[PDB]
Amino acid sequence: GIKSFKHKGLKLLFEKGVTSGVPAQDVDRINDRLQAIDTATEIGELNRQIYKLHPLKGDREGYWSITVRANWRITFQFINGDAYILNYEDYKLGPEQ
Ligand SMILES: [Cl-]
Ligand SMILES: [Cl-]
């Protein structure tokens, strides 16, 4: 399950159905990714072609990324079947990752 958020927009969407903090057009796909993270018990369940699952490195060691659309990505820690510190970002990852 999802246990914590860094990004208030994702938190409000997931917990309350409030859509103010994300692009309107993306609400359904963001909910799809959140629901996938929430129901996964192992990280490989998120290794779906359209999700572009990627473990992050360096200062982001311990985090994972999945893609909503374009460069829109949800990042999180995944530990003992639960997801933590969920964040939302809009940029492509660089070569050191
Ligand atoms: Cl939280
Ligand atoms: Cl796992």
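Positions are given from 1, in the same order as the sequence printed here. Computed from heavy atoms alone, side chains included, the values below leave out hydrogens, waters and symmetry copies.
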| query | Angle class for the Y88/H7 ring planes (parallel below 30°, perpendicular above 60°, tilted otherwise)? | reply |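 Perpendicular: the ring planes of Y88 and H7 meet at over 60°.
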
| Restricting to pairs with a member in residues 19-55, which pass ring pair (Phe, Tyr, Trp, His ring centres under 6.0 Å), not counting sequence neighbours? | none

Pairwise distance [atom1]([X]) to [atom2]([Y]) - rounded to 0.5 angstrom:
X   : Y   : atom1 : atom2 : value
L10 : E15 : CG    : CD    : 10.5 Å
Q77 : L56 : CD    : CG    : 10.5 Å
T67 : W72 : OG1   : CH2   : 12.5 Å
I85 : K3  : CD1   : NZ    : 14.5 Å
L34 : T39 : CG    : OG1   : 10.5 Å
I43 : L46 : CD1   : CG    : 5.0 Å

May I ask you to test the [X]-[Y] pair for a side-chain heavy-atom distance under 4.5 Å?
X   : Y   : value
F76 : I2  : no
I30 : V27 : no
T19 : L13 : yes
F14 : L86 : no

| message | My understanding is that only residues two or more places apart in sequence, or in another chain, count here; which of them pass ring-ring contact (aromatic ring centres under 6.0 Å, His included) with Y63? | response |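 Once residues adjacent in sequence are excluded, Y63 has no partner under the ring-ring contact (aromatic ring centres under 6.0 Å, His included) criterion.
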
| Which pairs, with at least one residue in residues 17-33 and sequence neighbours excluded, count as a salt bridge (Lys or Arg N to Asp or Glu O under 4.0 Å)? | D26-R69

| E45 side-chain N/O to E42 backbone N/O, donor-acceptor pair under 3.5 Å | yes

| query | Would you find a donor on one side and an acceptor on the other, under 3.5 Å apart, between the side chain of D82 and the backbone of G1? | reply |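 Yes.
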
| request: Can you see which heavy atom on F78 is nearest to which on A40, and at what distance? | output: CZ-O, 3.6 Å

| note | For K57 and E96 the tightest heavy-atom approach is CB-O, 4.2 Å

